[PDB]
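The block underneath contains the structure these notes are about, expressed in structure tokens.
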Ligand SMILES: [Cu+]
């Protein structure tokens, strides 16, 4: 089984995939985020945030209210399963999480908290 994924967020405000699969045998899973391009984090920074699909809008709303000062996430938001730091071009960050925090029948989504239009699904498979 493959228990990690490499994902890119670019200067054009896009991730390079809209779907991540976590093999059901994985006990931990690592997301390796990078930022091709040349725009720095104070212009086009990206992170990677994981919640259930049902919780995404709520996380975004409360994140918006929390602002730039908090990378647009409510600190300690229990709905946020895992998240990376905000990165600019040429920078990278990885986050690892316990797959026990995921459930087989539930739908998850990942997104950038700075640019909530940048999103995709994450599924146990
Ligand atoms: Cu972003």
Fraction of antiparallel bridges per DSSP, the chain only, in percent to nearest 5: 70
Mean residue ellipticity (222 nm) of the chain, computed from DSSP H runs ≥ 4 via -39,500 (n - 2.57), nearest 500: -4000 deg cm²/dmol
Folded to 0 to 90 degrees: helix 53-66 orientation relative to the chain principal axis, Cα: 30
Extension reserve of the residue 24-residue 107 stretch, reckoned as 0.36 nm per residue once the Cα distance is removed: 28.5 nm
The chain: relative contact order as a whole-number percent, Cα under 8 Å and 6+ apart: 34
Added length on full extension, which subtracts the Cα-Cα distance from 0.36 nm per residue, residue 17 to residue 2: 3.8 nm
Relative contact order (%) - criterion: Cα under 8 Å, at least six apart; region: region 23-85: 33
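Quick note: the coordinates plus some simple rules give every number you see, no bench work behind them.
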